[PDB]
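Notes for the structure review
Chain residues, written in single-letter form:
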Amino acid sequence: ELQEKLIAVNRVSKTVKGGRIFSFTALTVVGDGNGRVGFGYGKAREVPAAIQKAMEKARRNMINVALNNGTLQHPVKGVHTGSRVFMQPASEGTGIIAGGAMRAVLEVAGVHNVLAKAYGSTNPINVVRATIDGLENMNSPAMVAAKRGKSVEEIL
Amino acid sequence: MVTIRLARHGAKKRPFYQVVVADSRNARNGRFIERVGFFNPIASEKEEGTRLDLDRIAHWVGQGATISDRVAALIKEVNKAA
Amino acid sequence: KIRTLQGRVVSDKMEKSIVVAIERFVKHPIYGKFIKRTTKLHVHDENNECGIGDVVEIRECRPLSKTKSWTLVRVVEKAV
Amino acid sequence: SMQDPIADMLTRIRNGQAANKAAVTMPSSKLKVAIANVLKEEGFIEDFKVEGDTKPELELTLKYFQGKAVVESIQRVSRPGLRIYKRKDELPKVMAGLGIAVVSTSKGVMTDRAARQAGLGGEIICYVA
Amino acid sequence: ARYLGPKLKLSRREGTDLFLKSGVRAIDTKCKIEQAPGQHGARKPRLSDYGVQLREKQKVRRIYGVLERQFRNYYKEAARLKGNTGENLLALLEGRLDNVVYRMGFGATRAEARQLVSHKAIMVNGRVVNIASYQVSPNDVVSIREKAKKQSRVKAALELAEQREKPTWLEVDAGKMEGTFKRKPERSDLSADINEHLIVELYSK
Amino acid sequence: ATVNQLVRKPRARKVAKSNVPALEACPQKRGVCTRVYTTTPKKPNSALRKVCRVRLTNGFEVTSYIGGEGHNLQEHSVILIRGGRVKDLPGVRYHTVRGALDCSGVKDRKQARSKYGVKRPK
RNA sequence: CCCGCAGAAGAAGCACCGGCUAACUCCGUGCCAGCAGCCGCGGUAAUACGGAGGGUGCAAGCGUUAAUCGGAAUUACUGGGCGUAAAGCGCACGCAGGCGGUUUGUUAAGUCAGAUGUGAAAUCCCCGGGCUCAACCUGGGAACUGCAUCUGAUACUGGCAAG
RNA sequence: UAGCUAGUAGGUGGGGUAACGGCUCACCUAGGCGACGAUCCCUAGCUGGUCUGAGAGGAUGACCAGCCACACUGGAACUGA
Ligand SMILES: [Mg+2]
Ligand SMILES: [Mg+2]
Ligand SMILES: [Mg+2]
Ligand SMILES: [Mg+2]
Ligand SMILES: [Mg+2]
Ligand SMILES: [Mg+2]
Ligand SMILES: [Mg+2]
Ligand SMILES: [Mg+2]
Ligand SMILES: [Mg+2]
Ligand SMILES: [Mg+2]
Ligand SMILES: [Mg+2]
Ligand SMILES: [Mg+2]
Ligand SMILES: [Mg+2]
Ligand SMILES: [Mg+2]
Ligand SMILES: [Mg+2]
Ligand SMILES: [Mg+2]
Ligand SMILES: [Mg+2]
Ligand SMILES: [Mg+2]
Ligand SMILES: [Mg+2]
Ligand SMILES: [Mg+2]
Ligand SMILES: [Mg+2]
Ligand SMILES: [Mg+2]
Ligand SMILES: [Mg+2]
Ligand SMILES: [Mg+2]
Ligand SMILES: [Mg+2]
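Residues numbered from 1 in each chain as written, not as in the entry; some residues may be left out. Chains lettered and ligands numbered in written order. Part of a larger assembly, values for the part shown. Heavy atoms only, no water.

If you check the header, you'll see the entry was determined by cryo-EM and the resolution is listed as 3.4 Å.

Per the PDB entry, the recorded name for chain B is 30S ribosomal protein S16, and the organism is Escherichia coli. As recorded in the PDB, this entry has the title "E. coli 70S-RNAP expressome complex in NusG-coupled state (38 nt intervening mRNA)". Word for word, the UniProt comment on chain B under Sequence similarities (unreviewed entry) is "Belongs to the bacterial ribosomal protein bS16 family." (UniProt positions renumbered as here; feature names shortened; annotations may be inferred.)

By the naming in the PDB entry, chain A goes by 30S ribosomal protein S5 and is assigned to Escherichia coli. What the UniProt record of chain A gives under Sequence similarities (unreviewed entry) is the line "Belongs to the universal ribosomal protein uS5 family."

Looking at the overall build of chain A
Within chain A, the secondary structure is distributed over five helices and eight strands. Seen in sequence order, chain A has helices and strands lined up from the N terminus as β-β-β-β-α-β-β-β-α-β-α-α-α. In terms of overall dimensions, chain A has C-alpha extents of about 70 × 35 × 30 Å along its principal axes. With 156 residues in all, chain A has 44% of them scored as buried. Pairs at least 24 residues apart make up 55% of the contacts formed inside chain A by residues separated by at least 6 positions. For chain A, the accessible surface area stands at approximately 8,200 Å², while carbon and sulfur atoms represent 51% of it. Here chain A contributes 20 positive and 11 negative side-chain charges, whose respective centroids are spaced 15 Å apart. (Helix = DSSP H or I, 4+ residues; strand = E, 2+ residues; numbered from the N terminus. Buried < 20%, exposed > 50% of the residue type's maximum accessible area, 1.4 Å probe, protein only. Contact = heavy atoms within 4.5 Å. Areas by Shrake-Rupley, 256 points an atom, 1.4 Å probe, with all protein chains shown as cover. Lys, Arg positive; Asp, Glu negative; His and termini not counted. Charge placed at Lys NZ, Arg CZ, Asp CG, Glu CD.)

Thoughts on the interface of chain D and chain A
Listed as interface residues are 15 residues of chain D and, on the opposing side, 15 residues of chain A. Between chain D and chain A, a total of about 1,100 Å² is buried, with carbon and sulfur atoms accounting for 54% of that surface. For the interface between chain D and chain A, the tally reads three salt bridges. Its salt-bridge partner being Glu42 of chain D, residue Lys150 of chain A comes within 3.3 Å of it at the nearest N-O pair. Our count for the chain D to chain A interface comes out at six residue pairs in polar contact. Within the side of chain D that touches chain A, the residues separate by chemical class into seven nonpolar, three polar and five charged. (Buried area = accessible area lost by both parts, 1.4 Å probe. Salt bridge = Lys/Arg side-chain N within 4 Å of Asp/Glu carboxyl O. Polar contact = N/O pair within 3.5 Å; in protein donor to acceptor, adjacent residues only side chain to side chain. Nonpolar A, V, L, I, M, F, W, Y, C, P; charged D, E, K, R; others polar.)

As for the pairing of strand β6 (residues 55-60) of chain C
Residue and element names in this part refer to chain C. Sheet analysis places strand β1 (residues 5-11) next to β6, joined by four bridges and oriented antiparallel. Within β6, the position partnered with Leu5 by the bridge is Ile58. In the sheet, β6 pairs with strand β7 (residues 70-76) via six bridges, with the strands oriented antiparallel. The residue of β7 that forms the bridge with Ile58 is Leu72. (Pairing = 2+ DSSP bridges.)

Looking at the side chain of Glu123 of chain D
Residue and element names in this part refer to chain D. Turning to its location among the elements, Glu123 is positioned in strand β8 (residues 122-128). At a separation of 2.8 Å, a polar atom in the side chain of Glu123 contacts the side chain of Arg83. When neighbours within four sequence positions are excluded, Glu123 is seen to be in contact with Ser78, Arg83, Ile84, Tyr85, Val102, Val103 and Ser104.

Concerning the protein's contact with RNA strand G
Not every one of the 109 residues close to RNA strand G is listed here, only the nearest: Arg87 of chain D together with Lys87, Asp88, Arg109 and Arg113 of chain F. Near the protein, within 4 Å, the atoms of RNA strand G are sugar or phosphate in 78% of cases. Take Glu47 of chain B: an N or O atom from its side chain is 2.5 Å from a sugar or linking oxygen of RNA strand G. Between RNA strand G and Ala12 of chain F there is a distance of 2.5 Å, counted from a base oxygen to a backbone nitrogen or oxygen. The dominant element in the surface near RNA strand G, judged by the number of residues it contributes, is helix α3 (residues 50-64) of chain E, at eight residues. A class-by-class count of the residues in the surface near RNA strand G yields 38 nonpolar, 31 polar and 40 charged. (Near = heavy atom within 4 Å.)

A look at helix α4 (residues 68-80) of chain E
Turn by turn, an α-helix covers 3.6 residues, leaving residues three or four places apart pointing in a common direction. Residues and elements named next belong to chain E. The terminal C-alpha atoms of α4, which comprises 13 residues, lie 18 Å apart, in line with the 18 Å expected from a rise of 1.5 Å per residue. Within the sequence span of α4, burial applies to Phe71, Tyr74, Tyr75 and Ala78. The buried residues of α4 occupy an angular sector of 100° when projected down its axis, which confines them to one face. Facing away from the buried side of α4 by more than 90 degrees, the exposed set consists of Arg69 and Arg80. Along its buried surface, α4 packs onto α3, α5 (85-95) and α10 (197-202). (Expected span 1.5 Å × (residues − 1). Arc of directions from axis to C-beta.)

Observations concerning the arrangement of the chains
Highest in contacts among the five pairs of chains that touch are chains A and D. As for chain C relative to chain A, no contact occurs, and the smallest C-alpha gap between them is 23 Å.

So this is what it looks like as structure tokens:
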């Protein structure tokens, strides 16, 4: 039920007295398509171990997202370190027109029709973090109605 | 003077004439006052091929516009057909 | 009813003639700021009724000199 | 100098929401009162109350629902340095129609949706989401 | 223009059966379908993302016999047309005259159908059409002319088609050797293994 | 940044110079070999890279690399030069075009022949 | 354009295969010869040079060079910043300029609304039609984001008048 | 490139044009343009369009069509609608 996919695996160094110690970091992202998405980083001495750890992390710390008919609910911005992100509710059938990391997180989340762009830095870890933040910080018409004290028909 | 005439358009071996009112000095496909129809000599069956805005042509003639031999022929044909 | 423009008399020294700034409050093509642009016009005025600094309504006409193709129609707000 | 009172009011509202203050007060103005009325109608604040005779002070009572601010974002659009006017067909949709845009039209300050329905544009004062 | 190289080679490289041979004898008997073509065929490197998209595009193109410029044009047309882009592209490809004849069954391969069309064996609405890319329209009957009606290859092809699964969107008469293109095929009518999202992405690189 | 400032003084487009200015937006140019020599590469390379200083038809005196193994060039030898730098040689911005006016194609090349002006072997 | 004749007959190359970027092996040389858009490769096991085999991509074309826009939010109006990355004048005063607390009245310049005229034809887009198909030609629309004039609105900004 | 201009800016009257007009001449007035960039220098025919770009923009003005200017170089008029 949970679709999962590894975005980026990166080699890192510590430089000990002997010489350098390398290790691999794996950033994965999982989601149920129905709305739920969660990313996990992970770090390990070998690549497979790192990905597995990442998968476990991703499975935990998920976040629910209000999706309207397989697309976003309104134009949303997302920020993080280098990552300034724009994401737009595009028409059904356009498909996900979104960068790399962005495409992965969105796809696992279950949005089928979006227009994204990653401005600023496109450092995978930050851009994925930014995208997830953006998705959360997005309310539905039911939520906005509840907050403002109206009916959904009054809001439209 | 002002005249009412065909302007050659289309492709090689496949002419399509736009009938335009224009000051005779202007070049054939150049500056023109009003475009008052078209004529397609290779036009197939179940197509009109010809279309003359007759009211406009009449008005221009009244104003004093001469008519090309081909345009005159087209007018005659249109009247008969209609 | 005739087309006519209002403007301040920037000078009235040259005899039978005045220069009339016609400030227009246009929008900038790109930046969107509204900038005051000015249009000086040499206007003809018979009887030399206008002063400097006033407000005057003018209409376009056949050229009266090299630079003078506007004539005044009525002076208004002629305070000092 | 104070150069934009509406902007100041918007800022006050934002800071109040941040700091969880129940009400926010500022020198009242006619434009301000109209804006407050529009906000109340749309339901981004609970109430407003103008108080005083010589120099009256508008006091808005802010709205909370689940620990977080109802007014999620509130940005000025038109400002003294750069006025923005839109036509009825160009009137903006804030947050894809969920949030509102306060637009000052020929028939008074009203929300964007109302203005659109009427069929008239004006100065776009601010977005509220 | 046309691809004139080995066909089972194309099938092996892609992975699937592309129907590049008549299908009397199975392709597993005709080639090592599992092993890829060449010295380094048994080795299977892992394809990233670009590669998979490219492969999908290649597969579809190879299956139909469309070169790159033509395919790109088709894609442009699909995008322009209203509705779903992949579906539009697929419909256009099917609409192609060689494909239509093959579906009807007047040729064992797409190659065979194209050859017949080239050689002036095929009439569309009683009018000799020569172009394989000719877009057939709805309710258009397309028939073998009598001169090509005597071909033993044609009759063999008909039998082969009878073996194959018949398409719902055309109706073809084997004795008359005429088929009516009733409607542009639906996506449910076309094959599920063909992915369109990959192709769209590739032409939106 | 302030809109008023922009109105006063707008934003200057960043005029990017060409990296092949002797061409003068021409795709190739004809020239005469002023001088033919070998030179040492830039820092981690080892070679004797073949290069020709060429006086161009439009006045410019450039230096141009000569790719391929072996060349017939010498002084007063009209060659076609094109755009392209050699990176690991400092100040060389142009390749000669092999297979034109007075420059031969590489001998016994069977691959990238079009790049080295080599005709189809029988 | 059609009909007939013969016979697979007269008709496939170009680039690339270290990563970016789809496609890998052997031989030759040994920081040389050479390659290169970037990063880099070659000092005797070179998937990076040259040849071969094999493969990949385009195809009557395929490569290279030049040139413009894109990516480049890398001139940032939409859409950037300035403690330490490039960036706050050494500090003030101050004219032009930019901006202007709050109420009422008036004006209607900005602003907004409606109408009228124009915005050539071609082009772009949409639904059609004609060349066997396409390119191409073509009917009718839409569009031409603009400009002007007239008649309205009085929130906001401007002017004027009093506070 | 920060100052430029003496028919220069305006007036009156004659003359000239098919036509208004410093278009020209005589006199009178002392003006006119300019930091909303005059003057000077470099480059450039303009537009419908074209390419690109989500757009806003950027680049461009071959072909087709509208407009302008030129006809070895520099001046000049005659004929003529
Ligand atoms: Mg071709
Ligand atoms: Mg595209
Ligand atoms: Mg070295
Ligand atoms: Mg690869
Ligand atoms: Mg080396
Ligand atoms: Mg090479
Ligand atoms: Mg070796
Ligand atoms: Mg290389
Ligand atoms: Mg090699
Ligand atoms: Mg920008
Ligand atoms: Mg920056
Ligand atoms: Mg420092
Ligand atoms: Mg300081
Ligand atoms: Mg005020
Ligand atoms: Mg002011
Ligand atoms: Mg107004
Ligand atoms: Mg047709
Ligand atoms: Mg038009
Ligand atoms: Mg007022
Ligand atoms: Mg006089
Ligand atoms: Mg010139
Ligand atoms: Mg852009
Ligand atoms: Mg020319
Ligand atoms: Mg002359
Ligand atoms: Mg005469």
